[PDB]
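Provided below as structure tokens are two forms of one protein chain, presented individually as structure 1 and structure 2.
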Structure 1
């Protein structure tokens, strides 16, 4: 299973002159290129070691694509002010997500192309890559305009062609870096507490990718309501961390078991205190 994404953003701010445009590319959810208009010599920069294979002709072209998108966002931002009857002197955001999903047969599984204004969904290309979805009354002007121009055919071509073909190319070029999954190393810690109770905190550390599930069991059935957890969080080194806890009678603690479900594991982990 594989994917590519470009996550594009432009933000305007009161008083300033031109919006700031940032684009970020991801292969299999890991960052691999970046462009940022604030930089001294704005360019698409490599963002993993495996991308340094790519020659000068590659960066030059990608860089001109970015400058083009910058101009596209500029104008779009301007039109949006108009559509929403927003005056001057505020801050606005326009974001885009696009890319493609491949199954393990390396064939195109799904295409994505969606837009948000002020962090709210504005318009998106449906799964069929032929029809558009736009909720806001203000978005209808765009959707009619786009329906009558064959915008969807343009995007369809990209998503079915270059997206796929170039993801293919990238995947071959970085086999040793992007085929890894680090398994979690788990453990349970003991925190004494009020009223003859204790907190059992189940840790999972050094794992990649980030998706993971931790469940507590009272000798069999799970405990959904009484549980406490944290949002999965980066360690800073490329791996991730997460815990989940439940409150338990002192002494009567061994009939609680913690289960860790991660990808990259031979089978779910099972731990107690």
Structure 2
């Protein structure tokens, strides 16, 4: 159930100064490589400890392809200006997502190739890897252009070929690393509010990956009734945090339990307010 994606962005800025091009690679949703045109000496850079293995040749090759991509976005960016009737001196964004997913068997399960402009779907390659799904009128020009040139075939080759060969490779190099986990460490905090009623908040900190489940219960019953839940957030050190809470009637506090479910725990966690 692995995958590899390259998220590319090109943003034009006021003036005749070429746009900034940023390209980021992922394996199983983890950033492993990165390139930025703004940097001092622009080169592709390692972003996961297991990528330092690749010798000079690899980084050189990747750096070139990226310089080509940057030019490709420069050109494409001008054409869009026309498609939409935009003056040559504004702020624009062109994005691309490409990659492949491997199934249980490690065979290509699906390939991806999409673009967005100004934050919206523009044109995407279909699962068949031969037909396109343009999002609007403007995008039709491009779709017609790409059909009338077999542009789809070009991507198909990459998606079923190199994409798969290199994902297998990266998976081999960063095997155990990628498949790691850090269990969350939980604790409950008490906070006042309403006359009588009070708030109990269950915290989950230091866990990886970000997937986690926080539940509150009253007398063994899933209290999915009015529970505060923040979006999971990065702590900064590479781990995550998330918390859920509920408003409870004072005194009847120790009548509630928090349960934490995470892929890294030997067994789920249960904890209650501890004055």
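So that the term is clear: the rigid core is the largest set of C-alpha atoms that superpose within 1.5 Å between two forms. Positions refer to the first chain, counted from 1.
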Consider the two rigid parts into which the chain divides between structure 1 and structure 2; say whether residue 226 and residue 108 are in the same one. no
The angle, in °, through which the smaller rigid part turns with respect to the larger between structure 1 and structure 2 is 14
Core-aligned, what's the Cα displacement of residue 256 between structure 1 and structure 2 in Å? 5.2
Superposing on the core, what C-alpha displacement does residue 26 show between structure 1 and structure 2, in angstrom? 0.4
Check the Cα of residue 179 between structure 1 and structure 2 on a core superposition and give its shift in Å. 1.2
